[PDB]
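The chain below stands alone, shown as structure tokens; this is the form deposited in one PDB entry.
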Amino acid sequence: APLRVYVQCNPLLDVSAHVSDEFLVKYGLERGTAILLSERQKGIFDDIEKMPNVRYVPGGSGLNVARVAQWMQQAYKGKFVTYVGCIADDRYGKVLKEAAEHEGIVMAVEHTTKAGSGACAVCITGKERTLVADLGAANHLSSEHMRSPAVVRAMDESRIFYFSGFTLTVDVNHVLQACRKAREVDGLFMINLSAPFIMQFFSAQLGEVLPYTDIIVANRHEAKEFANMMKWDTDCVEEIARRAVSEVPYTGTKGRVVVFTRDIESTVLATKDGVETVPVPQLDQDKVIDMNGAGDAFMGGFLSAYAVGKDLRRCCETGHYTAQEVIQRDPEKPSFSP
């Protein structure tokens, strides 16, 4: 029976379409990056929606992670992951809540009338996806909600706490509440770095949370951006991981773990005990489809194995399995267990 997992992020509906390179130029976008919607992107949602074959699917980084983790523990629907974020009681909000609850996630979400539920433009150019997130309701997640009975109950019963780095743009204090709770319950606190812009523009917030963070998960690019933020003169992912273990402030007792994924190259796994690499199983690249990304899916599999007490390398193997499944989607039960 898996340990209970608490996930917090921004629940967003993904609005996905294939766009031209000129579409990216028009909107001031850098291919393959994620940003928050700004005035520079005025009109982008109307434009993408006016297209053929646009898709509307529940998204949000942490909600993706929660759904992949729950998919790996289907005997524990209602009894495994609780997700916290803020939505409106609108069409998008109802769909995000329904998809997650149908899958067995407990959706301890706030409702606001201050903005409509968030959405993310997912602009697909060949093999790459460029993401523009309009948080809407997600940016209004309140301290009142964080102290509400449903949320405190969920935190009290959970032993693994996962926040996306994307939460750092809302209110760092919400994150710190979970950081302190993880200590209270002798649990684990984990964050993903989410995007280079987190390190570029939310470094103060990230700095507040890192000392309380047991496991830091990122990809190759975010690891290099983290090195840049730290002023570390290295692009060596193994070395960046080594230094994030021992040089980034840490006040916990569970042990600091750093996990940096490298797409087809091996995943870097570091602890006080040393640095290892975990190979990614060979996959025919003609099976990799341009629909889904791999990062949240990796994190979902990682948490599904961590929750049942598997060693760190096995957690990585499980994340590779789930990531490889998700990127091949154009599937009822997993064919791999931690």
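Position 1 is the first residue in the sequence shown; the rest follow in order. Rigid core here is just the name for the largest C-alpha set that superposes within 1.5 Å across the two forms.
Not on display, but discussed next: the form deposited in another entry.
Superpose on the core and compare between the shown form and the other one; which one of 44, 307, 294, 312 crosses the 2 Å Cα shift mark?
Meeting the 2 Å or more criterion is only 44.
Residue 31: after superposing the rigid core, is there a C-alpha shift of 2 Å or more between the shown form and the other one?
Yes, its C-alpha moves 2 Å or more.
Is the C-alpha displacement of residue 219 equal to or greater than 2 Å between the shown form and the other one once the rigid core has been superposed?
No, the C-alpha moves less than 2 Å.
For residue 128, decide whether the Cα shift between the shown form and the other one is 2 Å or greater, given a superposition on the rigid core.
Yes; residue 128 is a residue whose C-alpha shifts (by 2 Å or more) between the shown form and the other one when the cores are overlaid.
Taking the shown form as reference, are the C-alpha positions of residue 315 and residue 291 brought closer or pushed farther apart in the other form, with a change of 3 Å or more?
It is closer: in the other form, the C-alpha atoms of residue 315 and residue 291 lie at least 3 Å nearer than they do here.
Have a look at residue 323 and residue 291: in the other form, are their Cα atoms closer together or farther apart than in this form, given the change is 3 Å or more?
Compared with this form, residue 323 and residue 291 lie closer in the other form.
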